[PDB]
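Heads up, the chain below is alone and in the form deposited without this ligand; it's given as structure tokens.
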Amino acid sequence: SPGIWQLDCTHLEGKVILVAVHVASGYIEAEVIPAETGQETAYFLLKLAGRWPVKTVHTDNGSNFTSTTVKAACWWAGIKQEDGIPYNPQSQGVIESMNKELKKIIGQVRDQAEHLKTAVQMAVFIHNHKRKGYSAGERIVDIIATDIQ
């Protein structure tokens, strides 16, 4: 459970935003990419797994599940690749709502950043620091620390 992440791909300004969500905490990392290819997803997962202990990833769609480059990255990083089928249906809505929320933050920072990629990183910052009272950043650290001990 502390090692479970969910991939989520959303769109804005004819551009692609790739998000990884730490399921137990709501903590995220995100990137703007030209298009959602196997290669982009594979590279994104390698980066994520070098930064946090990623044990299982619920992939966002079947093309990434199938991709040989994604499978190579998951093998390299010791990640168990699983589907992202919301057997628990409330998953779809939670993801959808987060995409709403992130797009809203992006809109709020648009006067400050010239480029979408910058606004996305500002949105990651705001999301992970937001007190909901604990923040996502605080929850992921405690969950993983408790897991180690």
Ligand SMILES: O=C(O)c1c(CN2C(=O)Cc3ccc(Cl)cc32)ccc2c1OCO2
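The first residue of the sequence shown is number 1, and the count goes up from there. For the two forms, the rigid core is made up of the largest set of C-alpha atoms that agree within 1.5 Å on superposition.
Choosing between 105-113 and 39-47, the greater Cα displacement from the shown form in 4 other deposited structures of this protein, fitted by the core, goes with 105-113. Higher mean CA temperature factor between 30-38 and 117-125: 30-38, per the PDB entry. Relative to its counterpart among 92-100 and 63-71, 92-100 has the higher mean temperature factor, C-alpha atoms as listed in the PDB entry. Among all modelled residues in this chain, the alpha-carbon of residue 86 has a temperature factor (C-alpha) in the highest third. When the modelled residues of the chain are ordered by C-alpha B-factor, residue 144 sits in the middle third. Sort the chain's modelled residues by C-alpha temperature factor and residue 110 lands in the highest third, per the entry. For residue 12, the recorded CA B-factor ranks within the highest third of the chain. Only modelled residues enter the ranking.
Another form exists, solved in complex with this ligand; not displayed. Remarks below refer to it.
Within 4.5 Å of any heavy atom of this ligand in the entry with it bound lies no heavy atom of residue 84.
Contacts of stretch 85-101 with this ligand in the entry with it bound, defined by any heavy atom lying within 4.5 Å, are made by 94, 95, 97, 98, 101, listed in sequence order.
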